[PDB]
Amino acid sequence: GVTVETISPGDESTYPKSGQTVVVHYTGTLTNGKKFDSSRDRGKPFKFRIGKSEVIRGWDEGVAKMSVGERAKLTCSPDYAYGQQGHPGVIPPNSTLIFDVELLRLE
């Protein structure tokens, strides 16, 4: 489903709750490394409510395993991303997605 590989540890104490507003910096790429999204390129931290299907399932599952300050690679299989259909023009069918995600703070 989703694999979380820690790059830099968080505090292992402060974890997102269901419905909580979470603030991340992230970069998403295809497994060939082609980038398709980045809050870092936008120069703005990205906010979303976790556990509300506001983002792909890999994020809801994976970011919930991160603690504040953690930086990790999240690898989301198609079933936890955009599936067989994909996102025409952006994500091919049956694509695994790799996200570099830093959990900056909870709100």
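Just count from 1 along the sequence shown to find any residue number.
Here the stretch with the larger average CA B-factor, out of 61-69 and 30-38, is 30-38.
In the PDB entry, residue 84 places in the highest third of its chain by CA B-factor. Compared with the other modelled residues of the chain, the Cα B-factor recorded for residue 18 ranks in the middle third. Looking at the C-alpha B-factors along this chain, the one for residue 103 belongs to the lowest third.
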